[PDB]
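What follows is one structure encoded as structure tokens, with my remarks underneath.
All values below come from the heavy atoms of this structure, side chains included, with hydrogens, waters and symmetry mates left out. Lettering follows sequence order; numbering is per chain, from 1.
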Amino acid sequence: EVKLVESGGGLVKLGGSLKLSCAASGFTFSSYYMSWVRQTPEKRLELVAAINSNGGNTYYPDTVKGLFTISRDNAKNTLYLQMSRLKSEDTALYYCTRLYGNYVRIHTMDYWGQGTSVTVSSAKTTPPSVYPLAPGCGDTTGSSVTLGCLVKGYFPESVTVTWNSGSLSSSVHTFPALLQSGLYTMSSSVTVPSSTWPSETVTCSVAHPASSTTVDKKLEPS
Amino acid sequence: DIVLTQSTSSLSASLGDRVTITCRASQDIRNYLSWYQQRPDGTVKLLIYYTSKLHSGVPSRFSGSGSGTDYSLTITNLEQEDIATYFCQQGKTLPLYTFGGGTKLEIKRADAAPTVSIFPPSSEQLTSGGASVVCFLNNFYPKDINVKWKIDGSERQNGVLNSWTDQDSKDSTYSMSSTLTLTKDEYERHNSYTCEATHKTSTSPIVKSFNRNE
Ligand SMILES: N[C@H]1[C@@H](OP(=O)(O)O)O[C@H](CO[C@@H]2O[C@H](CO)[C@@H](OP(=O)(O)O)[C@H](O)[C@H]2N)[C@@H](O)[C@@H]1O
């Protein structure tokens with residue numbers, strides 16, 4: 001504290017509505033301007049909306065005016081953003097921020113929350129297909145050996161890959177997801193000593209919380 | 001509608017050196033320019049506001065300067081915590097704030113060649129009618145790499161997905177995964193499968209391969 005914690009994000013259909021919330025602590029909330037900033041998946045930042053201390057004036061850049069409504073509650077230390085007729089393009093990370101100014105002007109954002117993810121899309125929720133990646137044949141067997149797990153055709157984000165190794169150790173590369181034919185594909189790799197596999201069983205477990213699914217796939221040498 | 005341009009998208013530097021990032025406004029913002037640091041996990045902190053004022057708790061090796069339309073952020077004696085993306089923001093008139101597009105700050109290290117692994121499709125994926133060939137290229141430096149796929153002596157980009165990690169916080173290397181997505185029939189059409197890397201660590205292409213007929 002100063003601390004800002006967003007909530008209410010998730011998956012919404014095209015043309016849907018959503019309300020985010022942000023709880024503030026560690027300062028005198030009612031003394032500060034506040035705003036919502038969003039960061040697109042292409043990583044561009046933009047101001048969505050701002051509000052003065054008592055909430056009498058709100059401020060929208062012509063981009064957002066007004067599919068978005070910003071409001072606050074100075075008793076409950078809470079900032080809200082309400083959104084309606086959402087479009088694909090409103091997919092982004094939404095940050096709550098406290099504004100700071102001098103006596104003349106509000107000009108900077110001195111604290112930010114962690115952000116809430118919002119995904120706006122028509123595509124149906126889909127668990128991933130998970131395929132083990134074992135080296136095709138033959139060698140070089142090599143000093144260490146790299147195994148993988150391809151996670152394809154899922155929606156929305158994200159997934160979690162857990163490698164069961166099982167008391168070995170190994171580090172893991174997780175590769176960021178990409179769109180392909182409407183859905184996400186990602187992959188994960190793990191590297192182990194060659195005298196260790198296929199002697200030891202390796203399994204990749206993939207969870208997809210939006211579908212509430214989990215699959216375990218054994219890395220078959222054959 | 002004031003435009004901010006950070007012309008440099010990315011830059012490399014070594015630990016200890018002096019690094020300067022520039023921001024150009026399309027008009028006079030009268031020193032109402034701020035600098036933010038975004039980490040790969042998405043945490044954003046304010047570093048510097050009103051051109052040169054340090055936010056509380058920010059290390060004194062960050063400084064800012066400028067006026068009119070031209071501003072910059074300098075990091076003296078770079079530390080690994082400073083690897084991050086840096087954004088400028090003009091705040092002259094609420095709600096007309098604009099941000100620059102960001103400048104990625106990468107740590108320099110010795111050239112490192114990629115450990116390449118190629119993976120045929122599992123018979124499980126083939127059973128379902130799909131066929132994705134995957135190549136991993138791990139722990140390399142520098143970031144610039146050109147992977148392509150050759151199939152029966154024909155280069156292919158259609159259906160190719162490439163995904164890069166961030167710089168690793170422990171060895172400062174990069175990794176990437178290239179996946180060639182095909183139908184089972186497209187896959188069976190051909191026999192020779194090559195994941196070919198072009199990287200400054202090798203004079204000639206680093207290649208990994210297999211034949212379908214095995
Ligand atoms: N007329 C005042 C006004 O000029 P203008 O905004 O129209 O360009 O603001 C000037 C800048 O004020 C300084 O703003 C700093 C940023 O907030 C502030 O530092 P702190 O916030 O750390 O306290 C500083 O105290 C302000 N004086 C001002 O010079 C003009 O007088």
Side-chain angles (χ1 to χ4, degrees), chain A residues 2 4 32-33 35-40 42-47 50 93 95-102 105-115, chain B residues 2-13 17-107:
Chain A
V2 173
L4 303 169
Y32 287 84
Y33 277 56
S35 79
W36 287 94
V37 174
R38 70 180 175 184
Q39 177 170 47
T40 180
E42 43 274 23
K43 261 77 211 168
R44 243 107 201 318
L45 291 160
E46 53 172 278
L47 180 68
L93 194 64
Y95 283 101
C96 171
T97 82
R98 187 178 90 170
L99 306 191
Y100 176 78
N102 53 27
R105 197 182 301 259
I106 305 298
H107 55 81
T108 184
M109 317 188 173
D110 63 344
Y111 289 94
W112 291 60
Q114 68 186 242
Chain B
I2 306 162
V3 173
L4 305 158
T5 297
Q6 301 164 236
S7 281
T8 170
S9 316
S10 191
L11 69 91
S12 305
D17 70 10
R18 191 186 217 178
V19 182
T20 297
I21 309 167
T22 66
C23 184
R24 162 93 195 172
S26 55
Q27 72 179 71
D28 183 4
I29 55 174
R30 317 220 285 106
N31 296 108
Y32 288 109
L33 192 280
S34 298
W35 290 99
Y36 307 89
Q37 182 197 68
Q38 182 174 48
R39 293 216 150 75
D41 83 339
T43 314
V44 180
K45 300 189 184 159
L46 172 66
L47 306 165
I48 283 180
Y49 63 96
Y50 197 59
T51 302
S52 63
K53 285 155 166 290
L54 279 178
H55 183 46
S56 34
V58 166
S60 67
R61 62 175 191 282
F62 295 91
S63 62
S65 56
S67 54
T69 63
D70 284 65
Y71 301 81
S72 70
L73 167 79
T74 295
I75 319 159
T76 57
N77 283 282
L78 189 101
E79 328 257 305
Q80 184 160 311
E81 42 256 284
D82 304 331
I83 277 47
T85 301
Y86 292 93
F87 293 89
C88 61
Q89 175 256 317
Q90 65 82 17
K92 182 149 98 298
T93 316
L94 191 73
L96 278 36
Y97 288 5
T98 43
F99 302 80
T103 301
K104 242 275 165 217
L105 212 155
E106 174 206 80
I107 199 71

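- Ring geometry, A:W112 versus B:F99: the interplanar angle exceeds 60°, so the pair is classed perpendicular (tilted spans 30 to 60°).
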*asked:* Is there a side-chain contact (heavy atoms from CB on, under 4.5 Å) between B:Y50 and B:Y32? Walk through the geometry before answering.
replied: CA-CA 5 Å; B:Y50 197 59; B:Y32 288 109; 3.6 Å; yes
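- Judged purely by distance below 3.5 Å, without hydrogens or angles, the side chains of B:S72 and B:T22 never pair a donor atom with an acceptor atom.
- The closest donor-acceptor contact from the side chain of B:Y97 to the backbone of A:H107 lies under 3.5 Å.
- Closest approach of B:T103 and B:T8 over heavy atoms only: OG1-O, 2.6 Å.
- Side chain to side chain, B:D41 and B:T43 meet the donor-acceptor criterion of an N or O pair below 3.5 Å.
- In this structure, the separation between CG on A:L47 and CH2 on A:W36 is 12.5 Å, given to the nearest 0.5 Å.
- To the nearest 0.5 Å, the span separating CD1 on A:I106 from OG1 on B:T93 amounts to 12.5 Å.
- Listed here is the closest heavy atom pair of B:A13 and B:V19: CB-CG2, 3.6 Å.
- To the nearest 0.5 Å, the span separating CG on A:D110 from OG on B:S56 amounts to 7.5 Å.
- Going from atom OH of B:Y71 over to atom CZ of B:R24 covers 10.5 Å, rounded to the nearest 0.5 Å.
- With B:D82 as the fixed residue, the salt bridge (charged side-chain N to carboxylate O under 4.0 Å, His left out) test singles out one of B:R61, B:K104, B:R39, B:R18: B:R61.
- When side chains are defined from C-beta on, B:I107 counts as touching B:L78, because their heavy atoms get closer than 4.5 Å.
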*Between B:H55 and B:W35, is a side-chain contact (heavy atoms from CB on, under 4.5 Å) present by the stated rule, with each step listed?*
CA-CA 10 Å; B:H55 183 46; B:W35 290 99; over 6 Å; no
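- Between A:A50 and B:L94 the shortest heavy-atom distance is CB-CD1, 3.9 Å.
- The CG atom of B:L47 sits 12.0 Å away from the SG atom of B:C88 when rounded to the nearest 0.5 Å.
- Judged purely by atom type and a 3.5 angstrom limit, B:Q90 uses its side chain to pair as donor or acceptor with the backbone of B:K92.
- Listed here is the closest heavy atom pair of B:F87 and A:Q39: CZ-NE2, 3.9 Å.
- Of the possible polar contacts, none joining the B:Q6 side chain to the B:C23 backbone as a donor-acceptor pair under 3.5 Å is found.
- Of all heavy-atom pairs between B:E79 and B:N77, the closest is OE2-O, 3.1 Å.
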*Take B:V44 and A:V37, measure what side-chain contact (heavy atoms from CB on, under 4.5 Å) needs, and give me the verdict at the end.*
CA-CA 11 Å; B:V44 180; A:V37 174; over 6 Å; no
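- The only member of B:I48, B:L46, B:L73 that meets side chain to side chain contact (heavy atoms under 4.5 Å, CB included) when paired with B:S34 is B:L46.
- In this structure a side-chain-to-backbone donor-acceptor pair under 3.5 Å is missing from B:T98 to B:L4.
- With a 4.5 Å cut-off on side-chain heavy atoms, A:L45 and B:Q89 do not count as touching.
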*Does the pair B:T69 and B:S26 meet the rule for a side-chain contact (heavy atoms from CB on, under 4.5 Å), with working shown?*
CA-CA 7 Å; B:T69 63; B:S26 55; over 6 Å; no
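- Atom OH of residue A:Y111 and atom OH of residue A:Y32 lie 8.5 Å apart, to the nearest 0.5 angstrom.
- In terms of heavy atoms, B:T51 sits closest to B:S65 at CG2-C, 3.5 Å.
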